[PDB]
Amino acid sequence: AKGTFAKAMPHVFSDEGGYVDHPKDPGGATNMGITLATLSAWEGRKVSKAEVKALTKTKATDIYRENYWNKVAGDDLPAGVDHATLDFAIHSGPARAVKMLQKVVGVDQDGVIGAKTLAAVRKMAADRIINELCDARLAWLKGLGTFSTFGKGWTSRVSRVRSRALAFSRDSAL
């Protein structure tokens, strides 16, 4: 739903903070959650750590809007489903998030929201989609080698996303 983006993104920026660089962790340095590879994709060239450190909130917002929200068709997903899919997309990429949403609603997992995906999403209850997608996300994260390091924090993140998504799903302005 269109109005979810303005509601969800302040929580993303709040939960992320500014520049975070833990070089002993995989993924590399981030600013407001934006990684170096994602900024490189935006700029059309491999950027430096200093460029990530200097990232503006305006550019971060454009990146989240165009390369995450729009790549999961957030405007067109049901309220709540949009938020659950967006956070998964932020954490693991839009293709993996949409593939898991497609697995939940029972369509071909190609990572892109098309007509068959929208039809199957709108045939199911929104809070059921939210719960099954967050469960499928947890099951998928447990297969990663990095789960031994980040799993407890990941589990807490999914729980908070599931709660806010189900809330958005019953927000009368969405």
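Residue numbers here begin at 1 and follow the sequence given.
Asker: Where do the C-alpha atoms have the higher mean temperature factor in this entry, in 8-16 or in 146-154?
Answerer: Averaging CA B-factors over each stretch, the winner is 8-16.
Asker: Identify the stretch, either 162-170 or 20-28, whose C-alpha atoms have the larger mean B-factor according to the entry.
Answerer: Per the PDB record, 20-28.
Asker: I'd like to know which of 55, 118, 107, 37 has the highest C-alpha temperature factor in the PDB entry.
Answerer: Highest C-alpha B-factor among the listed residues goes to 107.
Asker: In terms of the CA temperature factor given in the entry, to which third of its chain does residue 135 belong: lowest, middle or highest?
Answerer: Its C-alpha B-factor belongs to the middle third of this chain's values.
Asker: Based on the entry's values, in what third of the chain does the Cα temperature factor of residue 79 lie: lowest, middle or highest?
Answerer: It falls in the top third of the chain.
Asker: Pull the Cα B-factor of residue 125 out of the PDB entry and bin it into the chain's lowest, middle or highest third.
Answerer: Tercile = highest for this residue's CA B-factor.
Asker: Based on the entry's values, in what third of the chain does the Cα temperature factor of residue 70 lie: lowest, middle or highest?
Answerer: As the PDB entry reports it, the C-alpha B-factor of residue 70 lands in the lowest third of its chain.
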